[PDB]
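J.: Sharing a structure here in structure tokens format.
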Amino acid sequence: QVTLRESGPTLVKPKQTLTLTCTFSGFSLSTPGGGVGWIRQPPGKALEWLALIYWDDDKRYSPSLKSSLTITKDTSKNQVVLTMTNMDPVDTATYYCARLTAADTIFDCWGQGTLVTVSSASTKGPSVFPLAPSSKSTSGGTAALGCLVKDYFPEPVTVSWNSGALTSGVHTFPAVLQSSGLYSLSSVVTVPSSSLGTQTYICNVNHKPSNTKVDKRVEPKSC
Amino acid sequence: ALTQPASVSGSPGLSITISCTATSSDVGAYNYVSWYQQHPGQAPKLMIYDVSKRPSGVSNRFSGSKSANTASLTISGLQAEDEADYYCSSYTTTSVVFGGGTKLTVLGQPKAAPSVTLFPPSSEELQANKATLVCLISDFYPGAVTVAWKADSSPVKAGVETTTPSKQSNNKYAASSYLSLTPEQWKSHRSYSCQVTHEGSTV
Amino acid sequence: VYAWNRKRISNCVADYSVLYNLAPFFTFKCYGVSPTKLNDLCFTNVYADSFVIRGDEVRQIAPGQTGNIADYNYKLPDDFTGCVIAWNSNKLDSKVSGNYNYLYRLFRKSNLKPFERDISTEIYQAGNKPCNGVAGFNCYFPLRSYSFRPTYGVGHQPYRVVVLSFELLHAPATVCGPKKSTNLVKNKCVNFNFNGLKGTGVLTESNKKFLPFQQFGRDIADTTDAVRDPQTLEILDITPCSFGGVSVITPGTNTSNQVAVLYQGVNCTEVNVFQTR
Amino acid sequence: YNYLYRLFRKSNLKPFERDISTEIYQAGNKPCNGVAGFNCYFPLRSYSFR
């Protein structure tokens, strides 16, 4: 079916030109009445339309923002690219590109979302240190182990214990913003104490803005 | 623009309605209006467009109409997996408005208790002076908790407050505990017990 | 609007019933012979035109009307024996900030003559001044720009109008409507209408070999005896229904009233029983 | 509204057959009762007298 995926650098320098793309697959943009747009969703706010392109090279933009929003089509490779200038620390939001099939079906299929948090800070090196499931977590029911990835400004980062398998179990709760202006995740898995000492568990941090993937494990300690 | 109710409550089994008013409706005839659904942590998916019709893949529970100038979303048969934000969108004379938000809170669920899990820190960050003990708790329905991190002393939090709804599959509000343990004061702290207070059952 | 296309079709089967299962066509005002009895009617030269107009302007496509598009853009004569088809196209011909892909002529000196397409675009003229047409206020551009926005109700939305110019002139026709093809009833005297050839008889299976081009068949007495099935290429045989003369054998009224019946020309099957020569 | 005209009819018209039928026109493949359908209209065309 329709697969709308986004890409581009999530973290960039302020007051620059974004290059957020939207690779569409599963349909032809040359259909009469079709088109791909862009919708902004600030954290804790509502949706708002930014731009929209059509099948006849028509580029419709929002009446408020017309000096920065510049959309273009690359149907030759099926990759819609959006460029916006004058980046201010108010545009930090998860962008979505949805297909406009027709006038009645307003953005039926949407994308997945890419958060662009650019106000002042650059990338930060994540520190991966899994929490050892000692006798406290073992005797206290489920010995939930969780990697302590912290000290990172970019919010979007995925983790999965033993990627490929064990889809469930991991909590994956949103990070907490402390006074240091950084984030931290402590996603633990719900695997009980049945068989965890002789196996290997890596939460597979995927801090893509920092381009770092540290996979490491821990051993049961003694308090 | 388009205004929407902030908070809407509904008993499981009954039916509730939303209001997408005019609010200086430059839309004109208000022909096409689409309603979306966005769960916390996912992408907004279309539920009903052209309220006189419905798209494929949507059950008969979702329906809409527009008497004169206000579109209404009639959702019958409420369930636990329905607490999400809805947005009405139309075509204005120069843009595509998306309106405001509408949070649905379906009450009628037993008050769950939060389980305390104090994961001991591994002997890898203590040598680097990064004592970051965690008392991650979750699985509670109300959503108002207050951790009392204390090593037999004055209870303090110092960064535990995070306001994370975390409406996962079980529809239970989660939490996120993070301690500011001083790397030099880790030897003085015996065990740094963790106590969490919940709504109603404060003990 | 001013560049309405014309794709004339000829020598093909035209089944107008397919248009009924399409999008709702609430404009089927057949200004002609009959909208219902249309499939059983062959045409000679059918000219299919097309253009996109607004909603409140569809009533000007009828033969004889005033307005702006029926006098300078597309005018139909008061002899059009055909049908007009239009439907709401606001689902795919209406975009944000206006769809400027449809231009309609607004300023034209004289009234448009029957079946004329003004593809040229020259600036309108004026009084005692030779306006070339750069930015002159006194003069104006002949074509305008439609604003097809979804913010408009019924009347200002785009409507794709398509008409069919049925000439119906006395000439060898090329576009004939389709006809149903009922199942063949073999070995049972019925009526047949295989490619116009009418008659009655018992359709059976023949053994003669026709030529690839020979369709019908005849005998030494100028009578259709064999025709091939148009659907499946097979040689059939046409023998007429079982008829014959009847002769009553009466021994006299003064003697009795019982009578015998003789069916001359039958085998005691196509009707005590006794078969004679 | 005084002088009028009747539209097409399903059955044919024999000599001296007073056609006073004003019901729906052969619904058939689609229910045409009340709401008119394709090739089914009220057999009554009001003539104009300018």
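All of the numbers you see were taken from the coordinates with simple rules; none came from a lab. Don't worry about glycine lacking a Cβ; one is built from the backbone with ideal geometry, like all the others, and counts go over all protein chains shown.
J.: Between C:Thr255 and C:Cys189, take the C-beta separation as r, use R0 = 41 Å, and let me know the FRET efficiency to the nearest 0.05.
T.: It comes to 0.60.
J.: Where does the protein assembly as shown land on the Kirkwood hydrodynamic radius, alpha-carbon pairs, in angstrom?
T.: 34.4
J.: Sort out for me the Cα centre separation of the range A:12-48 from the range C:139-155, rounded to whole Å.
T.: What the calculation gives is 29 Å, centre to centre.
J.: For the range C:45-127, max minus min Cα coordinate along each principal axis, in Å, sorted largest first?
T.: 41, 36, 23
J.: From the gyration tensor of the Cα coordinates in the range C:1-141, what semi-axes in whole Å does the equivalent ellipsoid have, largest first, with each one equal to sqrt(5λ)?
T.: 34, 19, 13
J.: To continue, here is another question. Which translational diffusion coefficient, to the nearest whole µm²/s, is obtained for the range C:179-234 from the Stokes-Einstein equation, given a Kirkwood hydrodynamic radius over C-alpha pairs, 20 °C and 1.002 mPa s?
T.: D, rounded to a whole number, is 175 µm²/s.
J.: Which residue fluctuates most in the GNM of chain B (Cα springs below 10 Å): B:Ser63, B:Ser115, B:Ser154?
T.: Maximum among the listed residues: B:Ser154.
J.: Pull up all non-local amide H partners of A:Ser7: gap of 5 or more, or a different chain, and H-to-H distance under 5 Å with H placed in the peptide plane.
T.: Hits under the 5 Å cutoff: A:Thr21, A:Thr23.
J.: What are the ³J(HN,Hα) values, in whole Hz, obtained from phi via the Karplus relation 6.51 cos²θ - 1.76 cosθ + 1.60 with θ = phi - 60°, for each residue of the range B:188-203 in sequence order, with x given for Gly and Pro?
T.: For the range B:188-203, the Karplus-derived couplings read 6, 6, 4, 9, 6, 4, 10, 10, 10, 9, 10, 6, x, 8, 5, 6 Hz, x marking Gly and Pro.
J.: Turning to a different aspect of this structure: Over the Cα atoms of the range A:94-155, compute the convex hull volume and normalise it per residue, giving Å³.
T.: For the range A:94-155, the hull spanned by Cα atoms encloses 143 Å³ per residue.
J.: I need A:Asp108, A:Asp58, C:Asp229, C:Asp78 ordered by Cβ neighbour count within 10 Å, fewest first.
T.: C:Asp78, C:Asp229, A:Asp58, A:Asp108
J.: Over what distance in Å are the Cα centres of the range B:66-95 and the range A:87-143 separated?
T.: 26
J.: Can I ask one more? Taking the beta-carbon count within 10 Å as an exposure proxy, list B:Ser19, C:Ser120 from fewest neighbours to most.
T.: The most exposed by this proxy come first: C:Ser120, B:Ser19.
J.: Give the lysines whose C-alpha is closer than 16 Å to that of C:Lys37, dropping any in the same chain fewer than 8 places away, or say none.
T.: List returned: C:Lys29, C:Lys179, C:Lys180, D:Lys10.
J.: Return the Rg/Rh value of the range B:12-75, two decimal places, where both radii are evaluated on C-alpha atoms and Rh is the Kirkwood radius.
T.: My calculation of the ratio gives 0.98.
J.: I would also like to ask the following. Taking θ as phi - 60°, what are the ³J(HN,Hα) couplings along the range B:17-24 by the Karplus curve (6.51, -1.76, 1.60), each to the nearest whole Hz, with x for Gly and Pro?
T.: 10, 10, 10, 10, 6, 7, 6, 6
J.: Quick one: 3J(HN,Hα) in Hz for the range B:99-107, Karplus 6.51/-1.76/1.60 with θ = phi - 60°, rounded, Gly and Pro as x.
T.: For the range B:99-107, the Karplus curve yields x, x, x, 8, 8, 9, 10, 8, 7 Hz.
J.: How far apart, in nm, are two points set 7 Å out from the Cα along the Cα-to-Cβ line at B:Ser67 and at B:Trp186?
T.: 6.6
J.: When 1/r is averaged over all different Cα pairs and the result inverted, which Kirkwood radius in Å belongs to the range C:107-256?
T.: For the range C:107-256, inverting the mean 1/r across all distinct Cα pairs yields 24.4 Å.
J.: How many times 2.2 N^0.38 Å is the alpha carbon radius of gyration of chain B?
T.: Dividing the Cα radius of gyration by 2.2 N^0.38 Å gives 1.40.
J.: Report, to one decimal in Å, the Kirkwood hydrodynamic radius for the range A:37-192 based on all distinct Cα pairs.
T.: Roughly 19.0 Å, rounded to one decimal.
J.: Taking the radius of gyration and the Kirkwood hydrodynamic radius from Cα positions alone, what is the Rg/Rh ratio for the range C:226-277, to two decimal places?
T.: Here Rg/Rh amounts to 1.29.
J.: Can you list residues whose amide H is under 5 Å from C:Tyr72's amide H, if they're 5+ apart or on another chain and H is modeled 1.01 Å from N?
T.: For C:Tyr72, the qualifying residues are C:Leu112.
J.: Same structure, new question: Taking square-rooted eigenvalues a ≥ b ≥ c of the alpha carbon gyration tensor, is the range A:24-90 rounded, prolate or oblate, where a/c under 1.5 means rounded and, failing that, a/b exceeding b/c means prolate?
T.: prolate
J.: Using 0.36 nm per residue, how much length does the chain from C:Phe213 to C:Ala62 gain when fully extended, once their Cα-Cα distance is taken away?
T.: Answer, rounded to one decimal: 49.8 nm.
J.: Looking at chain C from every direction and averaging, what is the projected area of its Cα convex hull in nm²?
T.: Answer in nm², one decimal: 28.0.
J.: B:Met47's amide H: which non-local residues (gap 5+, or another chain) put their own amide H closer than 5 Å, with H modeled 1.01 Å from N in plane and none for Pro or chain starts?
T.: B:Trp35, B:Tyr36, B:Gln37
J.: Further question: In this model, which of B:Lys45/C:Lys95; B:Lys53/C:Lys95; A:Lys13/A:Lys66; A:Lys13/B:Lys157; B:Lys53/D:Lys30 are farther than 29 Å apart at the alpha-carbon?
T.: From the list (B:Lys45/C:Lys95; B:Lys53/C:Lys95; A:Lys13/A:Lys66; A:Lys13/B:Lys157; B:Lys53/D:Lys30), the Cα-Cα distance tops 29 Å for A:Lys13/B:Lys157.
J.: Next question, about the same structure. Per residue of the protein assembly as shown, what 222 nm ellipticity follows from adding -39500 (n - 2.57) for every DSSP H run with n ≥ 4, rounded to the nearest 500?
T.: The helix contribution divided over the protein assembly as shown gives 0 deg cm²/dmol.
J.: Could you list the residues of the range A:168-190 with an amide nitrogen less than 20 Å from a label point located 7 Å from the Cα of A:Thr92 in the Cα-to-C-beta direction?
T.: Answer for this model: A:173-186.
J.: Could I ask something else about it? Strictly greater than 25 Å: what percent of every Cα pair in the range B:95-203 meets that?
T.: In whole percent, the share of Cα-Cα pairs in the range B:95-203 beyond 25 Å is 35.
J.: Placing one identical point scatterer on every Cα of the range A:128-180 and ignoring solvent, what is log10 I(q)/I(0) from the Debye formula at q = 0.22, 0.25 Å⁻¹?
T.: Values, matching the q order: -1.01, -1.15.
J.: Could you tell me how far the Cα centroid of the range C:233-253 sits from the Cα centroid of the range D:1-24, in Å?
T.: 43
J.: Most exposed first by the Cβ proxy, i.e. fewest other Cβ within 10 Å, how do C:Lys37, D:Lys14 rank?
T.: So the ranking, lowest neighbour count to highest, is D:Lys14, C:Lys37.
J.: Over all alpha-carbon pairs in the range C:139-182, figure out the percentage whose distance exceeds 12 Å.
T.: Of all Cα-Cα pairs in the range C:139-182, 80 percent lie more than 12 Å apart.
J.: Still on this structure, I have one more. At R0 = 30 Å, how high is the FRET efficiency between D:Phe8 and C:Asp71 if r is their beta carbon distance? Nearest 0.05 is fine.
T.: For D:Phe8 and C:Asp71, the calculated efficiency is 0.40.
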